[PDB]
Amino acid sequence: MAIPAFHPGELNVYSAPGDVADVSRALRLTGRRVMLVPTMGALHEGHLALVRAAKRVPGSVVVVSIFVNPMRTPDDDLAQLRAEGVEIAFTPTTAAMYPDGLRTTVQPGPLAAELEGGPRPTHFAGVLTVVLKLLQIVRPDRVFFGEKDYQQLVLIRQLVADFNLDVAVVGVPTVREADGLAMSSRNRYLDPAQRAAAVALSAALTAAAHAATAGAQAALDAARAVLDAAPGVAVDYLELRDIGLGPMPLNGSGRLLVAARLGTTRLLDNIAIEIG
């Protein structure tokens, strides 16, 4: 019942859930507002944008979890976080996260069966289960996700509302390459022809977002034409929904989402759309 060592203003690494839970609770008692940034593999600028967002809350202490599925290299990742002034990295093993194996889990609502839930019908159960655990271990005031995985973000908001969780969910605008391609660990697999064609996803969506003054059908036809101008872009879906991913209403706010396969690589993108 002694609190684990915490050195303020340094990067403190913990692998044990109980240690990070004790430190986060001790920190919340001393004033600090605990921010959580969940991550998975090699850190990229997308991830750094979540960190920076969390850093700007006055009195924040930022916790970055690094944990691979059951849903890169440790050296550089940790160097990057130190550089960002992150004070806690949580790096648990699979065994420490799942000491009893897979047992009680979260069952998403029917949204999880749609869109990405078509090829990966249990994917979102995994993500929601591990999010719930990280939220209970760290007990942050705010948790930060990219808007890139939009359906994921919406399901997370559903989790927080449905299970009455305390935490504020912050969606952070997707970081993009110079030509608009949304950042993703998958981008590096693309060969040159594929990387050149992949700019069609973001170009389609931004075209649709500007075509939308002319109504929903013009937005969708614009995105579709841009996708049709690209070779080797196999479109899995292109759907305009309302902001919670229900059916898009006659006018007002929506989201347009696309997924496509370029060779063996699946890419996704989405954008805010205002109808008329």
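Position 1 is the first residue in the sequence shown; the rest follow in order. Here the rigid core means the biggest group of C-alpha atoms that line up within 1.5 Å when the two forms are laid on top of each other.
Of the two stretches examined, 235-243 and 38-46, the one with higher mean CA deviation in 9 other deposited structures of this protein after a rigid core fit is 38-46.
Displacement analysis by core superposition in 9 other deposited structures of this protein ranks 190-198 above the other of 160-168 and 190-198 in root-mean-square C-alpha distance from the shown form. Compared with other deposited structures of the same protein, residue 72 meets the criterion of being unmodelled in at least one third of those that resolve residues on both sides.
According to the entry, the stretch of the deposited sequence that connects residue 71 to residue 72 contains 10 or more residues lacking coordinates, which leaves a long gap in the model. Mean CA temperature factor is higher for 177-185 when stretches 177-185 and 158-166 are set side by side in the entry.
In this entry, 6-14 has the higher mean Cα B-factor, the comparison being between 6-14 and 262-270.
By the numbers in the PDB entry, the CA B factor is greatest at 28 among 241, 224, 52, 28. Per the PDB record, residue ranking by Cα B-factor puts residue 108 in the lowest third of the chain.
Ranked by C-alpha B-factor against the other modelled residues of its chain, residue 228 falls in the lowest third. Compared with the other modelled residues of the chain, the Cα B-factor recorded for residue 82 ranks in the highest third.
Among the modelled residues of its chain, residue 32 has a C-alpha B-factor that falls in the highest third according to the deposited record. The PDB entry assigns residue 92 a C-alpha temperature factor belonging to the middle third of its chain's modelled residues.
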